[PDB]
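Residue numbers (my numbering), protein chains in the order written: chain A, 436 to 706; chain B, 17 to 62; chain C, 5 to 98. Even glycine gets a Cβ: it sits at the ideal position worked out from N, Cα and C.
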Amino acid sequence: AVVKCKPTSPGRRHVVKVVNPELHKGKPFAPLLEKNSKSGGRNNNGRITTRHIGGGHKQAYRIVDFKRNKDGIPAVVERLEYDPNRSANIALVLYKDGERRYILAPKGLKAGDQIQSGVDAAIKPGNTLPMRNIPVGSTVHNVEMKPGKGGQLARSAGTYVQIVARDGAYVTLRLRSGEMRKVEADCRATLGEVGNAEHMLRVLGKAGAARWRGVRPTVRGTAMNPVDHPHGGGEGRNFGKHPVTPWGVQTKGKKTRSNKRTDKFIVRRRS
Amino acid sequence: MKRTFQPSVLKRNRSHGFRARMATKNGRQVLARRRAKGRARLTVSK
Amino acid sequence: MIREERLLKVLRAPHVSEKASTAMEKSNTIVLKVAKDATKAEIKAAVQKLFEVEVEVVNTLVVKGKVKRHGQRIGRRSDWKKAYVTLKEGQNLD
RNA sequence: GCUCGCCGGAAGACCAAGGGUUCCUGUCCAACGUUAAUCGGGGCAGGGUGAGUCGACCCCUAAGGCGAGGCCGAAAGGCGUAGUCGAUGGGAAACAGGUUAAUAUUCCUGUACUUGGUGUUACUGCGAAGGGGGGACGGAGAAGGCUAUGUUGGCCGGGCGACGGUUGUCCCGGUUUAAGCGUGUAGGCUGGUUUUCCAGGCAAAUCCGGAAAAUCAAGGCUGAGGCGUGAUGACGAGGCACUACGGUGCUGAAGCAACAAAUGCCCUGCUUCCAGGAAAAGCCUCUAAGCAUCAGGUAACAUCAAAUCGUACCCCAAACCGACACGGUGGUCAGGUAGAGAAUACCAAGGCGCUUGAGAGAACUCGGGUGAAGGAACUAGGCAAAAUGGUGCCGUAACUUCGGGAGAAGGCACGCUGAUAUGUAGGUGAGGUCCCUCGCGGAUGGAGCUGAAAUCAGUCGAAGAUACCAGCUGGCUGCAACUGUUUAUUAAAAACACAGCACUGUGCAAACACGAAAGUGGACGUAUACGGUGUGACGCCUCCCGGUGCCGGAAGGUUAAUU
RNA sequence: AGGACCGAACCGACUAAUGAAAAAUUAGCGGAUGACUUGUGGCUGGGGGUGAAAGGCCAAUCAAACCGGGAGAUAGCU
Numbered sequence: 436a437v438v439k440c441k442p443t444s445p446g447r448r449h450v451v452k453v454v455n456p457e458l459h460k461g462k463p464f465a466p467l468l469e470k471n472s473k474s475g476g477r478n479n480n481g482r483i484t485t486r487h488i489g490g491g492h493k494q495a496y497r498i499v500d501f502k503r504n505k506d507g508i509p510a511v512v513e514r515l516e517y518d519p520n521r522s523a524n525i526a527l528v529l530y531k532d533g534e535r536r537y538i539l540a541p542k543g544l545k546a547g548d549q550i551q552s553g554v555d556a557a558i559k560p561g562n563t564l565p566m567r568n569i570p571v572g573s574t575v576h577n578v579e580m581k582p583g584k585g586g587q588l589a590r591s592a593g594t595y596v597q598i599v600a601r602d603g604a605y606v607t608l609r610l611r612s613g614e615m616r617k618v619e620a621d622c623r624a625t626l627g628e629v630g631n632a633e634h635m636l637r638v639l640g641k642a643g644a645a646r647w648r649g650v651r652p653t654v655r656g657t658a659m660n661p662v663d664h665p666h667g668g669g670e671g672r673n674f675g676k677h678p679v680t681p682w683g684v685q686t687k688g689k690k691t692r693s694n695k696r697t698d699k700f701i702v703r704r705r706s
Numbered sequence: 017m018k019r020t021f022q023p024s025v026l027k028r029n030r031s032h033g034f035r036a037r038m039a040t041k042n043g044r045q046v047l048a049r050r051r052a053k054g055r056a057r058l059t060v061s062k
Numbered sequence: 005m006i007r008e009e010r011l012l013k014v015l016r017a018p019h020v021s022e023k024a025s026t027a028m029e030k031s032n033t034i035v036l037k038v039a040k041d042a043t044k045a046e047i048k049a050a051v052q053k054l055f056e057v058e059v060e061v062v063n064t065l066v067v068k069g070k071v072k073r074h075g076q077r078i079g080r081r082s083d084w085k086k087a088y089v090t091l092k093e094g095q096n097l098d
């Protein structure tokens, strides 16, 4: 649930917490963990390539299963877990053959729930089956775009996709963006919505909270000198130019999709 | 007042030492230059 | 097993000093100058063969050379290896 | 040598880094030392640094670096796989005393430990580049158990006072002891043991994981401290022999108890929070190829082994970074009285008086003290000074986002002695007595020790939070919501950031950014996400598309290479 | 609990007066569990880096570092 914190200090006043009691209070499943060091938004050349990244808390990498290939074995949900690496919540599941995996926790999922992947699998939340097997009009998440690759669409805290149509070898998806997209009908998808839907209701409430999430502060181009940004300079507050990136490209409207290879799959762009 | 030079032997060697100079071309040229000049101490190496 | 020639080349000299004299008299320990490359076991072997005397143990150390100035010109003395060789109880050395 | 003075969470002690002989001894005083110099971190000569257990080396890896092939690139070269390097992190082992002019966990004395070989007898499944476990991990908070350490008493030794008193409820000093081995406690974690099966752990697995079934409630792991031993020892106040006045040799009492107590240890624990918290090896374990009655494994016992390098000295400084014998510099140690305290004052241990002195006692300058009467009249401006200053209790407005405002404001008490109470409330806790699955056990018990806070009565002073220490307060108002950041060296702000808001892009080989490219970041993320732009908590809100941009359109006009 | 309060260490640098000091002193001053601070090592390179943005910082040097080279640049100027 969301929780407005009492204003016992400025910087706590405007805070809203998103508290799920059902998450695991404990150390995660260590076998599925692995190291994940921070970039600072800097590439192999050592240059900053994406500004405003830096610092934040040390995080491990949970090995989430997005490919979801344990066909026919039924699994049961052991617990839900906090993943620092994503807006969603993860679920530690236990297959009957003794293997455990992390999966995106869907909306209704909880400890004790049974889930299943496969063509034969049942059409219920958390189950995963090819979209030619999934009825039209259903909500799914963790959608593969290429068969066998692993889910790439609809992984964020409260996303999902609509299968609006199945026309032969393809099905047409309604993406969260509003973009309509063809996808091969043999690609895989998980039933239901992804879990942590009130994720958006949280509000950080202070500068430090943003820092905790590895986000360095943002300087406005207009606050700079001309040598730095197109917006710089001006005695007092001047802005007599069309908005642009630090690299001179228009920002308020100018489209930038250039991919002519996948134009065919886009049924309708978002609006 | 913390002045610029804050010595550290290892750091000195890695930065300027013989092997470092050897590693890259430009360093090798520097070495050659110094040899030509007649430098007694070719490198920072003690 | 150390070669005789190497053994002979190990031992440079006896070291005379107050501390050395004290070590000799009290702890039955001789203080030698030895080759800088000479290891402890080597030194011991050489002691045993060339002075004909049982060794308990050898401690070694490296003496660094002093920087001196002859007139205006600076110059450094050689470093050299010192060895305290402790000799078995009742071992009297000439 | 005796006085005086200063530091004492340092101006003491020990290290790292960095320096590199500055260490110690003798000797010299030209130069160096802001003066003199017999002295010196100066000159010259000699001496000095001892390790299986400290550190490096070594095994393991992080960020990162290099990188066979490889991909890419006019050349140079870039990226990067396998790999290999890389500590600031993980990985076996030593303590006490004595000694040098100068080293010491390194020498000596005592008492230990480690992990390798080799050989043994005893046994008999060993075996990895592979599987599993472990190592392995955050912040804050709370206690409880402890010790370091300190105080008092007891004990032991010495003393009987340069001036009134001082054989006592008097004075001074000491009252220390390790690692190791044994015990396995306060406490923490977890249900154990056996059997059966199984699409999992790249193959196999007796291991892990998962299913069942049986049976017992104690099983294991961890763990400070204490106790015992170590120790008939060592050390020991000071006494006694020699004296090159430096010291050397002999000798040696007591060596207990209580209370208090860490920020250190149990604790890598427990509780809790969200921001969700290295890796690999060592270590344990499982098997595979293999080998097969051999090797290898574990078992004690014997022997050998532990190489190499560092070890002096300075290290908040006269030895490092600052041109100087001139501010900066990470870690560890942390006594007493008062105190909340690592603040502050005075002291201990220890270390210093800052390498020019001697006079004088003009102006003026600096740093301080006090000041009649006035009390901001000063001044751009109360700048600067002065003032406030503690604990407890009473009391406290507008406004408010109901948290605040608020230590609002303002007041009262405060020393010492006695009594309550030859020391209370509390804390601690010995004997005795009882129980007992027997121990570091449980009950009862209260000796002794410690010990606030209050009330009443008296008492001194001008003054009792007496020194050091230690808020000035209130009223209206602009700006910025707030904590933050900033022009290293004239600007700390109303500037930047901020949480929040909005627009816009981006469907993943994402947009974008660094890259002739390969590739990398974005992101091991996927529209509840990421990028860009503006605005900037919260509250109430928030006409013009002509111009320039952007988006969409494509009927016509115009229009490249080409032909 | 807290980018909570008072306050030493530690980090800073608002006022003040005053070469030992190429930015210090003393007296006061701000933060002081965090958007903190700090040691060791690593990475980013010059029209490049980094920048809570001041044209700040990048070895006492910054509206384009330093070293060497073109180079005896050019100088209707002194």
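query: Residue span of the alpha helix (DSSP H) that contains residue 14 of chain C, given as start and end; result: 8-14
query: For residue 647 of chain A, the first and last residue of its enclosing beta strand (DSSP E); result: It is not in any beta strand (DSSP E) - residue 647 of chain A instead sits in the alpha helix (DSSP H) that spans 642-647.
query: Buried or exposed by the 16-neighbour rule on C-beta atoms within 10 Å, applied to residue 508 of chain A; result: exposed
query: As assigned by DSSP and simplified to three states, the class of residue 494 of chain A; result: coil
query: Beta-carbon contacts of residue 702 of chain A that lie in its chain and below 7 Å, excluding the five residues immediately before and after; result: 607, 615, 616 and 617
query: Which listed residue (A/448, A/458, A/475 and A/462) has its alpha carbon closest to that of residue 651 of chain A; result: A/475
query: Cα-Cα separation, residue 571 of chain A to residue 588 of chain A; result: 17 Å
query: Distance CB(residue 64 of chain C)-CB(residue 44 of chain C) smaller than 9 Å; result: yes
query: Contact check, residue 515 of chain A vs residue 540 of chain A, beta carbons under 9 Å; result: yes
query: Inter-stretch contact at 8 Å, needing at least 3 Cβ pairs: the segment 556-572 of chain A / the segment 476-485 of chain A; result: no
query: Integer Cβ distance of residue 575 of chain A from residue 595 of chain A, believed to fall under 8 Å; result: 7 Å
query: Cα-Cα separation, residue 47 of chain B to residue 84 of chain C; result: 32 Å
query: Check whether residue 649 of chain A and residue 489 of chain A have beta carbons under 9 Å apart; result: yes
query: C-beta atoms of residue 657 of chain A and residue 672 of chain A nearer than 9 Å; result: yes
query: Between the CA atoms of residue 584 of chain A and residue 610 of chain A - distance to the nearest angstrom; result: 18 Å
query: Proximity to residue 642 of chain A [Cα-Cα], best of A/436, A/519, A/450 and A/511; result: A/450
query: CB of residue 683 of chain A within 9 Å of CB of residue 665 of chain A, strictly; result: yes
query: Alpha-carbon to alpha-carbon, residue 17 of chain C and residue 82 of chain C; result: 15 Å
query: Opposing strand residues paired with residue 63 of chain C [DSSP bridges]; result: C/88
query: Residue of A/518, A/538, A/534 and A/493 minimising C-alpha distance to residue 526 of chain A; result: A/538
query: Reduced DSSP secondary structure (H/G/I, E/B, other) of residue 445 of chain A; result: coil
query: N- and C-terminal bounds of the alpha helix (DSSP H) containing residue 32 of chain B; result: 25-32
query: Beta-carbon proximity of residue 38 of chain B to residue 30 of chain B, cut-off 9 Å; result: no
query: Residues of its chain near residue 21 of chain C, where Cβ-Cβ distance is below 8 Å and the 5 sequence neighbours each way are ignored; result: 35
query: Backbone CA spacing between residue 34 of chain B and residue 469 of chain A [nearest angstrom]; result: 39 Å
query: Contact belief for residue 11 of chain C with residue 53 of chain C at Cβ below 8 Å, rounded distance in angstroms; result: 6 Å
query: Whether residue 67 of chain C touches residue 79 of chain C by CB criterion (9 Å); result: no
query: C-beta contact flag for residue 582 of chain A and residue 536 of chain A at 9 Å; result: no
query: Coil, strand or helix - residue 487 of chain A by DSSP; result: coil
query: Beta-carbon proximity check, residue 573 of chain A vs residue 506 of chain A, cutoff 9 Å; result: no
query: Beta-carbon gap between residue 544 of chain A and residue 640 of chain A smaller than 9 Å; result: no
query: Spatial distance of residue 90 of chain C from residue 59 of chain C (CA atoms); result: 6 Å
query: Uninterrupted beta strand (DSSP E) stretches inside the segment 540-600 of chain A (no shorter than 3 residues); result: 549-551, 563-565 and 574-576
query: Assigned secondary structure, residue 635 of chain A (DSSP; H/G/I helix, E/B strand, else coil); result: helix
query: Cα-Cα separation between residue 668 of chain A and residue 499 of chain A, rounded to whole angstroms; result: 48 Å
query: For residue 62 of chain C, the nearest candidate out of C/56, C/48 and C/92 (CA to CA); result: C/48
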